[PDB]
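*Asks:* Numbered continuously in the entry's author numbering, the sequence shown closes out at residue 124.
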Amino acid sequence: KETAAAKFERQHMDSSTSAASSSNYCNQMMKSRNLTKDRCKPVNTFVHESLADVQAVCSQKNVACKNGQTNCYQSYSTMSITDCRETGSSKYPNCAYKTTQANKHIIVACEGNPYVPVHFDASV
Ligand SMILES: [Cl-]
Numbered sequence: 001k002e003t004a005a006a007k008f009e010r011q012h013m014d015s016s017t018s019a020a021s022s023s024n025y026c027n028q029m030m031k032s033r034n035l036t037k038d039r040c041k042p043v044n045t046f047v048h049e050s051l052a053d054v055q056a057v058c059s060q061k062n063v064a065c066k067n068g069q070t071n072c073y074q075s076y077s078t079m080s081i082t083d084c085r086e087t088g089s090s091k092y093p094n095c096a097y098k099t100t101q102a103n104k105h106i107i108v109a110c111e112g113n114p115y116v117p118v119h120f121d122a123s124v
């Protein structure tokens, strides 16, 4: 079974680019991060910062998570992110995503020792 921290890395980290450079970014990344294997994951955000910078959020601003848990943290800085969401043309096995690039604060839930991100809650 994949660890929670490793699942977060796979689903949400893309430190190899500064930003989505095209409309096809999400189609490509959703496929390659194995988020379309058996069904199309409906919504998923990638963060274009170093892993260290995203881990560091777990010692930044403590805020409520949407679900009411208290282990969420909001980045002090905005970060380069890309939201990927299925479009109306999407139909497994031919998933199709809209790519929306933005610079926003991220909110992550953190757990463990080391205390690291395990869920992507939202951007602001
Ligand atoms: Cl997400």
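Positions of the beta carbon are idealized from the N, C-alpha and C atoms, including for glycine.
For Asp-38 and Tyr-92, what's the separation of their Cα atoms in angstroms?
*Replies:* 8 Å
*Asks:* Give me every residue whose Cβ sits closer than 5 Å to any heavy atom of ligand 1, in chain order.
*Replies:* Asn-44, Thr-45 and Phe-120
*Asks:* To which residues does DSSP link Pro-117 through a beta bridge?
*Replies:* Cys-110
*Asks:* Run through the DSSP bridge pairs and tell me what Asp-83 is partnered with.
*Replies:* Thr-45 and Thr-100
*Asks:* If distances are taken between C-alpha atoms only, which option among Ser-59, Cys-95 and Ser-32 comes closest to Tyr-76?
*Replies:* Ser-59
*Asks:* Measuring alpha carbon to alpha carbon, tell me which of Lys-31, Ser-50, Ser-22 and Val-57 ends up nearest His-119.
*Replies:* That would be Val-57, whose Cα lies nearest to the Cα of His-119.
*Asks:* Give a yes or no on contact between the region 42 to 50 and the region 64 to 72, applying the rule of three or more CB pairs nearer than 8 Å.
*Replies:* No: the two stretches stay apart, fewer than three of their Cβ pairs being nearer than 8 Å.
*Asks:* For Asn-27, does the three-state DSSP call read helix, strand or coil?
*Replies:* helix
*Asks:* I'd like to know whether the C-beta atoms of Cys-84 and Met-30 end up nearer to each other than 7 Å.
*Replies:* yes
*Asks:* Once the 5 residues before and after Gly-112 are set aside, which same chain residues still bring their CB inside 8 Å of it?
*Replies:* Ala-4, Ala-5 and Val-118
*Asks:* Can you tell me whether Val-124 is helix, strand or coil according to DSSP?
*Replies:* In this structure, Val-124 counts as coil in the three-state DSSP scheme.
*Asks:* Using only the alpha-carbon positions, how far apart do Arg-10 and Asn-62 sit?
*Replies:* 24 Å
*Asks:* Provide the residue span of the beta strand (DSSP E) that contains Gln-74, from first to last.
*Replies:* 72 to 74
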